[PDB]
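One structure is given here, and the rest of the page talks about it.
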There are 2 protein chains.
Amino acid sequence: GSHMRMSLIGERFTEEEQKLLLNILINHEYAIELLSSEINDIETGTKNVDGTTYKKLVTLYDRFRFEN
Amino acid sequence: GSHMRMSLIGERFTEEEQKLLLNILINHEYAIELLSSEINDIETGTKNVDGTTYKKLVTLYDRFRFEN
């Protein structure tokens with residue numbers, strides 16, 4: 001199965017992990033670079049949407065703190 | 001001088017950096033583990049205080065994305 005990254009899907013769950021998978025398989029870990037950029041783009045960058053962005057920021061930890 | 005850690009001060013600027021400093025000096029980086037734990041403590045833990053928790057979340061990126 002090809003390691004084609006999907007940046008932030010909103011679950012990224014085992015069969016959809018290829019994101020976190022590619023990022024751990026390469027030279028340095030990378031999903032958190034997105035996570036911190038993303039949380040601050042909502043907090044102080046003032047991005048605004050329905051549960052889409054909520055789900056990206058909360059799924060980041062839902063894999064990073066637990067699965068990874 | 002000493003490396004003795006301060007976990008989350010809410011600034012951790014170059015002179016107060018001994019936190020981020022100790023965390024990069026040991027086996028692997030660790031301030032980032034706090035970042036994902038912290039952001040989810042706001043997002044789903046529903047922390048609320050008079051800029052203290054705001055400052056912890058926004059300071060994490062203010063050194064992670066930029067400095068370290």
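Residues in the structure tokens are numbered from 1 in each chain, the chains being A, B, ... in the order shown, and ligands are numbered from 1 in the order shown.
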Moved chain B, fitted on chain A by every C-alpha in sequence order, as an mmCIF file with N, CA and C atoms, in the first residue's frame:
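Below is the file out.cif, written as the result:
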```
data_model
loop_
_atom_site.group_PDB
_atom_site.id
_atom_site.type_symbol
_atom_site.label_atom_id
_atom_site.label_comp_id
_atom_site.auth_asym_id
_atom_site.auth_seq_id
_atom_site.Cartn_x
_atom_site.Cartn_y
_atom_site.Cartn_z
ATOM 1 N N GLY B 1 -1.067 -1.386 -1.849
ATOM 2 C CA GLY B 1 -1.017 -0.306 -0.838
ATOM 3 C C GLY B 1 0.050 0.730 -1.163
ATOM 4 N N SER B 2 -0.070 1.929 -0.584
ATOM 5 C CA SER B 2 0.875 3.049 -0.749
ATOM 6 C C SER B 2 0.934 3.937 0.503
ATOM 7 N N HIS B 3 2.062 4.623 0.710
ATOM 8 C CA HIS B 3 2.268 5.577 1.809
ATOM 9 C C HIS B 3 1.776 7.002 1.473
ATOM 10 N N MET B 4 1.316 7.256 0.238
ATOM 11 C CA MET B 4 1.005 8.598 -0.292
ATOM 12 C C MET B 4 0.096 9.401 0.662
ATOM 13 N N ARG B 5 0.608 10.532 1.168
ATOM 14 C CA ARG B 5 0.047 11.271 2.313
ATOM 15 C C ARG B 5 -1.277 11.965 1.995
ATOM 16 N N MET B 6 -2.099 12.142 3.035
ATOM 17 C CA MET B 6 -3.402 12.820 2.938
ATOM 18 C C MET B 6 -3.540 14.083 3.802
ATOM 19 N N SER B 7 -2.416 14.558 4.337
ATOM 20 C CA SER B 7 -2.262 15.708 5.233
ATOM 21 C C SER B 7 -3.269 15.777 6.398
ATOM 22 N N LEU B 8 -4.445 16.395 6.284
ATOM 23 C CA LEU B 8 -5.439 16.423 7.353
ATOM 24 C C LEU B 8 -6.859 16.118 6.868
ATOM 25 N N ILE B 9 -7.202 14.832 6.969
ATOM 26 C CA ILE B 9 -8.509 14.247 6.633
ATOM 27 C C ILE B 9 -9.564 14.600 7.701
ATOM 28 N N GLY B 10 -9.132 14.732 8.963
ATOM 29 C CA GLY B 10 -10.010 14.882 10.140
ATOM 30 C C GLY B 10 -10.345 13.573 10.882
ATOM 31 N N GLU B 11 -9.928 12.409 10.371
ATOM 32 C CA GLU B 11 -9.996 11.115 11.076
ATOM 33 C C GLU B 11 -8.604 10.496 11.150
ATOM 34 N N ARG B 12 -8.074 10.089 9.994
ATOM 35 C CA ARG B 12 -6.758 9.457 9.843
ATOM 36 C C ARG B 12 -6.555 8.197 10.705
ATOM 37 N N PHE B 13 -7.645 7.469 10.933
ATOM 38 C CA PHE B 13 -7.699 6.194 11.654
ATOM 39 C C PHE B 13 -6.767 5.149 11.023
ATOM 40 N N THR B 14 -6.444 4.051 11.707
ATOM 41 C CA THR B 14 -5.480 3.002 11.282
ATOM 42 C C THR B 14 -5.417 2.666 9.769
ATOM 43 N N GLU B 15 -6.544 2.526 9.054
ATOM 44 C CA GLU B 15 -6.554 2.299 7.590
ATOM 45 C C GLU B 15 -6.246 3.569 6.760
ATOM 46 N N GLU B 16 -6.672 4.731 7.256
ATOM 47 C CA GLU B 16 -6.410 6.085 6.739
ATOM 48 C C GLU B 16 -5.141 6.732 7.345
ATOM 49 N N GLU B 17 -4.374 5.979 8.138
ATOM 50 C CA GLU B 17 -3.202 6.458 8.882
ATOM 51 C C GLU B 17 -1.991 6.782 7.994
ATOM 52 N N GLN B 18 -2.000 6.414 6.702
ATOM 53 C CA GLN B 18 -0.858 6.589 5.767
ATOM 54 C C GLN B 18 -0.185 7.972 5.843
ATOM 55 N N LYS B 19 -0.948 8.985 6.247
ATOM 56 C CA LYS B 19 -0.450 10.287 6.688
ATOM 57 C C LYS B 19 0.635 10.190 7.774
ATOM 58 N N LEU B 20 0.237 9.737 8.955
ATOM 59 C CA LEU B 20 1.008 9.678 10.197
ATOM 60 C C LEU B 20 2.151 8.664 10.044
ATOM 61 N N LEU B 21 1.814 7.572 9.373
ATOM 62 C CA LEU B 21 2.652 6.504 8.825
ATOM 63 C C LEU B 21 3.780 7.060 7.963
ATOM 64 N N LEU B 22 3.502 7.981 7.028
ATOM 65 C CA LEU B 22 4.589 8.413 6.137
ATOM 66 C C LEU B 22 5.506 9.355 6.911
ATOM 67 N N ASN B 23 4.877 10.219 7.693
ATOM 68 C CA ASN B 23 5.509 11.187 8.564
ATOM 69 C C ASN B 23 6.437 10.564 9.619
ATOM 70 N N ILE B 24 6.097 9.410 10.194
ATOM 71 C CA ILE B 24 7.028 8.670 11.074
ATOM 72 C C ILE B 24 8.078 7.864 10.294
ATOM 73 N N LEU B 25 7.762 7.435 9.066
ATOM 74 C CA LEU B 25 8.656 6.638 8.224
ATOM 75 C C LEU B 25 9.820 7.467 7.638
ATOM 76 N N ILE B 26 9.603 8.761 7.364
ATOM 77 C CA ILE B 26 10.637 9.702 6.884
ATOM 78 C C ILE B 26 11.572 10.218 8.004
ATOM 79 N N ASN B 27 12.439 11.179 7.653
ATOM 80 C CA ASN B 27 13.548 11.718 8.455
ATOM 81 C C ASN B 27 13.171 12.122 9.898
ATOM 82 N N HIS B 28 12.011 12.762 10.075
ATOM 83 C CA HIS B 28 11.433 13.140 11.369
ATOM 84 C C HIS B 28 9.902 13.243 11.282
ATOM 85 N N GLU B 29 9.220 13.159 12.427
ATOM 86 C CA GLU B 29 7.768 13.342 12.528
ATOM 87 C C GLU B 29 7.315 14.744 12.074
ATOM 88 N N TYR B 30 6.112 14.820 11.491
ATOM 89 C CA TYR B 30 5.634 16.007 10.764
ATOM 90 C C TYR B 30 4.162 16.374 11.009
ATOM 91 N N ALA B 31 3.286 15.408 11.333
ATOM 92 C CA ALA B 31 1.901 15.682 11.729
ATOM 93 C C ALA B 31 1.809 16.743 12.849
ATOM 94 N N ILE B 32 2.787 16.718 13.749
ATOM 95 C CA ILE B 32 2.932 17.633 14.879
ATOM 96 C C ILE B 32 3.176 19.095 14.432
ATOM 97 N N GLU B 33 3.946 19.304 13.360
ATOM 98 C CA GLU B 33 4.147 20.639 12.773
ATOM 99 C C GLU B 33 2.801 21.244 12.349
ATOM 100 N N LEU B 34 1.967 20.429 11.685
ATOM 101 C CA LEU B 34 0.590 20.780 11.392
ATOM 102 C C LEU B 34 -0.200 21.041 12.671
ATOM 103 N N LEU B 35 -0.087 20.227 13.729
ATOM 104 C CA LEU B 35 -0.831 20.417 14.986
ATOM 105 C C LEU B 35 -0.622 21.829 15.555
ATOM 106 N N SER B 36 0.622 22.284 15.746
ATOM 107 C CA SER B 36 0.872 23.620 16.312
ATOM 108 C C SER B 36 0.436 24.747 15.356
ATOM 109 N N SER B 37 0.642 24.535 14.047
ATOM 110 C CA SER B 37 0.171 25.487 13.034
ATOM 111 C C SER B 37 -1.371 25.619 13.059
ATOM 112 N N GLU B 38 -2.048 24.480 13.202
ATOM 113 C CA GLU B 38 -3.500 24.303 13.170
ATOM 114 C C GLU B 38 -4.134 24.920 14.410
ATOM 115 N N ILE B 39 -3.675 24.537 15.606
ATOM 116 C CA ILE B 39 -4.203 25.096 16.852
ATOM 117 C C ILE B 39 -4.071 26.609 16.883
ATOM 118 N N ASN B 40 -2.937 27.153 16.424
ATOM 119 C CA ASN B 40 -2.835 28.615 16.360
ATOM 120 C C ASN B 40 -3.691 29.240 15.241
ATOM 121 N N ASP B 41 -4.004 28.512 14.166
ATOM 122 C CA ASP B 41 -4.962 28.981 13.154
ATOM 123 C C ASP B 41 -6.398 29.087 13.720
ATOM 124 N N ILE B 42 -6.746 28.305 14.750
ATOM 125 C CA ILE B 42 -7.990 28.523 15.522
ATOM 126 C C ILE B 42 -7.797 29.664 16.539
ATOM 127 N N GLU B 43 -6.740 29.604 17.356
ATOM 128 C CA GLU B 43 -6.535 30.472 18.532
ATOM 129 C C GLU B 43 -6.356 31.955 18.179
ATOM 130 N N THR B 44 -5.553 32.216 17.147
ATOM 131 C CA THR B 44 -5.232 33.566 16.647
ATOM 132 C C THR B 44 -5.557 33.751 15.159
ATOM 133 N N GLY B 45 -5.509 32.690 14.335
ATOM 134 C CA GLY B 45 -5.965 32.768 12.939
ATOM 135 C C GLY B 45 -7.487 32.937 12.808
ATOM 136 N N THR B 46 -8.227 32.618 13.880
ATOM 137 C CA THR B 46 -9.696 32.698 13.998
ATOM 138 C C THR B 46 -10.457 31.975 12.875
ATOM 139 N N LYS B 47 -9.989 30.771 12.507
ATOM 140 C CA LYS B 47 -10.750 29.815 11.687
ATOM 141 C C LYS B 47 -12.111 29.502 12.329
ATOM 142 N N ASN B 48 -13.138 29.350 11.493
ATOM 143 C CA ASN B 48 -14.515 29.038 11.887
ATOM 144 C C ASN B 48 -15.235 28.295 10.743
ATOM 145 N N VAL B 49 -15.717 27.083 11.023
ATOM 146 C CA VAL B 49 -16.403 26.173 10.082
ATOM 147 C C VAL B 49 -17.177 25.107 10.881
ATOM 148 N N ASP B 50 -18.091 24.400 10.216
ATOM 149 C CA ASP B 50 -19.116 23.500 10.763
ATOM 150 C C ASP B 50 -18.578 22.120 11.214
ATOM 151 N N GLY B 51 -17.668 22.182 12.175
ATOM 152 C CA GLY B 51 -16.953 21.066 12.803
ATOM 153 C C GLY B 51 -15.711 20.596 12.063
ATOM 154 N N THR B 52 -15.440 21.064 10.845
ATOM 155 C CA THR B 52 -14.270 20.643 10.064
ATOM 156 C C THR B 52 -12.976 20.983 10.805
ATOM 157 N N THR B 53 -12.752 22.261 11.120
ATOM 158 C CA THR B 53 -11.549 22.723 11.840
ATOM 159 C C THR B 53 -11.472 22.214 13.286
ATOM 160 N N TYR B 54 -12.628 22.087 13.953
ATOM 161 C CA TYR B 54 -12.762 21.426 15.258
ATOM 162 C C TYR B 54 -12.207 20.012 15.201
ATOM 163 N N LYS B 55 -12.712 19.230 14.244
ATOM 164 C CA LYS B 55 -12.346 17.864 14.007
ATOM 165 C C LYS B 55 -10.861 17.717 13.683
ATOM 166 N N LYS B 56 -10.265 18.578 12.851
ATOM 167 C CA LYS B 56 -8.801 18.566 12.614
ATOM 168 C C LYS B 56 -7.997 18.756 13.925
ATOM 169 N N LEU B 57 -8.393 19.709 14.758
ATOM 170 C CA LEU B 57 -7.707 20.019 16.014
ATOM 171 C C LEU B 57 -7.855 18.901 17.051
ATOM 172 N N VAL B 58 -9.062 18.348 17.180
ATOM 173 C CA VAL B 58 -9.362 17.291 18.151
ATOM 174 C C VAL B 58 -8.872 15.911 17.673
ATOM 175 N N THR B 59 -8.784 15.672 16.356
ATOM 176 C CA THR B 59 -8.218 14.422 15.801
ATOM 177 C C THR B 59 -6.703 14.347 15.982
ATOM 178 N N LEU B 60 -6.012 15.499 15.861
ATOM 179 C CA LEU B 60 -4.559 15.556 16.107
ATOM 180 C C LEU B 60 -4.223 14.920 17.457
ATOM 181 N N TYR B 61 -4.827 15.386 18.558
ATOM 182 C CA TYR B 61 -4.605 14.761 19.884
ATOM 183 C C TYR B 61 -5.139 13.324 19.934
ATOM 184 N N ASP B 62 -6.304 13.079 19.326
ATOM 185 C CA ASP B 62 -6.949 11.757 19.326
ATOM 186 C C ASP B 62 -6.060 10.656 18.704
ATOM 187 N N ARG B 63 -5.027 11.012 17.913
ATOM 188 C CA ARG B 63 -3.949 10.067 17.536
ATOM 189 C C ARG B 63 -2.564 10.366 18.109
ATOM 190 N N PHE B 64 -2.179 11.620 18.296
ATOM 191 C CA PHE B 64 -0.873 11.994 18.865
ATOM 192 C C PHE B 64 -0.698 11.595 20.346
ATOM 193 N N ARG B 65 -1.661 11.945 21.214
ATOM 194 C CA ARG B 65 -1.613 11.713 22.666
ATOM 195 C C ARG B 65 -1.752 10.231 23.027
ATOM 196 N N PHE B 66 -2.539 9.541 22.212
ATOM 197 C CA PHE B 66 -2.926 8.130 22.367
ATOM 198 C C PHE B 66 -2.128 7.106 21.526
ATOM 199 N N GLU B 67 -2.161 7.215 20.195
ATOM 200 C CA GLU B 67 -1.817 6.126 19.255
ATOM 201 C C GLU B 67 -0.387 6.157 18.682
ATOM 202 N N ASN B 68 0.074 7.348 18.296
ATOM 203 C CA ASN B 68 1.344 7.636 17.617
ATOM 204 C C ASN B 68 2.215 8.634 18.410
#
```
Query - DSSP helix (DSSP H, G or I) residues within chain B, as an MDAnalysis selection string - result: chainID B and resid 18:25 31:43 52:64
Could the residues in this selection be written to a file with N, CA, C and O atoms, as a CSV table (one decimal), in the first residue's frame?
```csv
chain,number,residue,atom,x,y,z
B,18,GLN,N,15.2,26.9,29.6
B,18,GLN,CA,15.7,25.7,30.3
B,18,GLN,C,14.8,24.4,30.2
B,18,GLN,O,15.2,23.3,30.1
B,19,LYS,N,13.5,24.7,30.2
B,19,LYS,CA,12.5,23.7,29.8
B,19,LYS,C,12.7,23.0,28.5
B,19,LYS,O,12.9,21.8,28.4
B,20,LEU,N,12.7,23.8,27.4
B,20,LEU,CA,12.7,23.4,26.0
B,20,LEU,C,14.1,22.8,25.7
B,20,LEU,O,14.3,21.8,25.1
B,21,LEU,N,15.1,23.5,26.2
B,21,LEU,CA,16.5,23.2,26.4
B,21,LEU,C,16.7,21.8,27.0
B,21,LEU,O,17.5,21.0,26.4
B,22,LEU,N,16.0,21.4,28.1
B,22,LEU,CA,16.3,20.1,28.7
B,22,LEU,C,15.7,19.0,27.9
B,22,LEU,O,16.3,18.0,27.6
B,23,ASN,N,14.5,19.3,27.4
B,23,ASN,CA,13.7,18.5,26.6
B,23,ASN,C,14.3,18.1,25.2
B,23,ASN,O,14.2,17.0,24.8
B,24,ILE,N,15.1,19.1,24.6
B,24,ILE,CA,15.9,18.8,23.4
B,24,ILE,C,17.2,18.1,23.7
B,24,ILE,O,17.8,17.3,22.9
B,25,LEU,N,17.8,18.4,24.9
B,25,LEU,CA,19.1,17.8,25.4
B,25,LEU,C,19.0,16.3,25.7
B,25,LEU,O,19.9,15.6,25.5
B,31,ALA,N,8.4,18.9,25.1
B,31,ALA,CA,7.5,20.1,25.2
B,31,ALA,C,6.2,19.9,24.3
B,31,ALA,O,5.1,20.3,24.6
B,32,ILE,N,6.4,19.2,23.1
B,32,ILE,CA,5.4,18.8,22.2
B,32,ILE,C,4.3,17.9,22.7
B,32,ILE,O,3.1,18.0,22.4
B,33,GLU,N,4.7,16.9,23.6
B,33,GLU,CA,3.8,16.0,24.3
B,33,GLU,C,2.8,16.8,25.1
B,33,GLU,O,1.6,16.6,25.0
B,34,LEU,N,3.3,17.8,25.9
B,34,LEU,CA,2.5,18.8,26.6
B,34,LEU,C,1.7,19.6,25.6
B,34,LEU,O,0.5,19.7,25.9
B,35,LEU,N,2.2,20.0,24.4
B,35,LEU,CA,1.4,20.8,23.5
B,35,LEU,C,0.1,20.1,23.1
B,35,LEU,O,-1.0,20.6,23.2
B,36,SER,N,0.2,18.8,22.6
B,36,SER,CA,-1.1,18.1,22.2
B,36,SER,C,-2.0,17.8,23.4
B,36,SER,O,-3.2,17.9,23.3
B,37,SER,N,-1.4,17.5,24.6
B,37,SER,CA,-2.2,17.3,25.8
B,37,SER,C,-2.9,18.5,26.2
B,37,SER,O,-4.1,18.5,26.6
B,38,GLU,N,-2.2,19.7,26.1
B,38,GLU,CA,-2.7,21.0,26.5
B,38,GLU,C,-3.8,21.5,25.6
B,38,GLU,O,-4.9,21.8,26.0
B,39,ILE,N,-3.6,21.5,24.2
B,39,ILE,CA,-4.6,21.9,23.3
B,39,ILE,C,-5.9,21.1,23.4
B,39,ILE,O,-7.0,21.7,23.4
B,40,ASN,N,-5.8,19.8,23.6
B,40,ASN,CA,-7.0,19.0,23.9
B,40,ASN,C,-7.6,19.2,25.3
B,40,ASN,O,-8.8,19.2,25.4
B,41,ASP,N,-6.8,19.7,26.3
B,41,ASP,CA,-7.4,20.1,27.6
B,41,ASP,C,-8.2,21.4,27.4
B,41,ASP,O,-9.2,21.6,28.2
B,42,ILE,N,-7.9,22.2,26.4
B,42,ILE,CA,-8.8,23.4,26.1
B,42,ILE,C,-10.0,22.8,25.2
B,42,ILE,O,-11.2,23.1,25.5
B,43,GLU,N,-9.7,22.1,24.1
B,43,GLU,CA,-10.7,21.7,23.1
B,43,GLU,C,-11.8,20.8,23.6
B,43,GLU,O,-13.0,21.0,23.3
B,52,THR,N,-4.3,32.5,31.4
B,52,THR,CA,-3.2,31.5,31.8
B,52,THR,C,-3.1,30.4,30.8
B,52,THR,O,-2.1,30.2,30.1
B,53,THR,N,-4.2,29.6,30.6
B,53,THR,CA,-4.3,28.5,29.7
B,53,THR,C,-4.2,28.9,28.2
B,53,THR,O,-3.6,28.3,27.4
B,54,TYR,N,-4.8,30.1,27.9
B,54,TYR,CA,-4.6,30.8,26.6
B,54,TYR,C,-3.1,30.9,26.3
B,54,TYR,O,-2.6,30.5,25.2
B,55,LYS,N,-2.4,31.6,27.2
B,55,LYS,CA,-1.0,31.8,27.1
B,55,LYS,C,-0.1,30.6,27.0
B,55,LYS,O,0.7,30.5,26.1
B,56,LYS,N,-0.4,29.5,27.8
B,56,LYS,CA,0.3,28.2,27.6
B,56,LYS,C,0.1,27.6,26.2
B,56,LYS,O,1.1,27.3,25.5
B,57,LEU,N,-1.1,27.7,25.6
B,57,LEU,CA,-1.4,27.1,24.3
B,57,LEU,C,-0.8,28.0,23.2
B,57,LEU,O,-0.2,27.4,22.2
B,58,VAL,N,-0.8,29.3,23.3
B,58,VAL,CA,-0.3,30.2,22.3
B,58,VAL,C,1.3,30.4,22.4
B,58,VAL,O,2.0,30.5,21.4
B,59,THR,N,1.9,30.2,23.6
B,59,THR,CA,3.3,30.2,23.8
B,59,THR,C,4.0,28.9,23.2
B,59,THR,O,5.1,29.0,22.7
B,60,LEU,N,3.3,27.7,23.3
B,60,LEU,CA,3.8,26.5,22.7
B,60,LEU,C,4.1,26.7,21.2
B,60,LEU,O,5.3,26.6,20.9
B,61,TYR,N,3.2,27.2,20.4
B,61,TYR,CA,3.5,27.6,19.0
B,61,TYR,C,4.5,28.7,18.9
B,61,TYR,O,5.5,28.6,18.1
B,62,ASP,N,4.4,29.7,19.7
B,62,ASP,CA,5.3,30.9,19.7
B,62,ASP,C,6.8,30.5,19.9
B,62,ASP,O,7.7,31.3,19.5
B,63,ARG,N,7.1,29.3,20.4
B,63,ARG,CA,8.5,28.8,20.4
B,63,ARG,C,8.6,27.5,19.5
B,63,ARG,O,9.7,27.4,18.9
B,64,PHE,N,7.7,26.6,19.4
B,64,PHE,CA,7.7,25.4,18.6
B,64,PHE,C,7.8,25.7,17.0
B,64,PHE,O,8.7,25.2,16.3
```
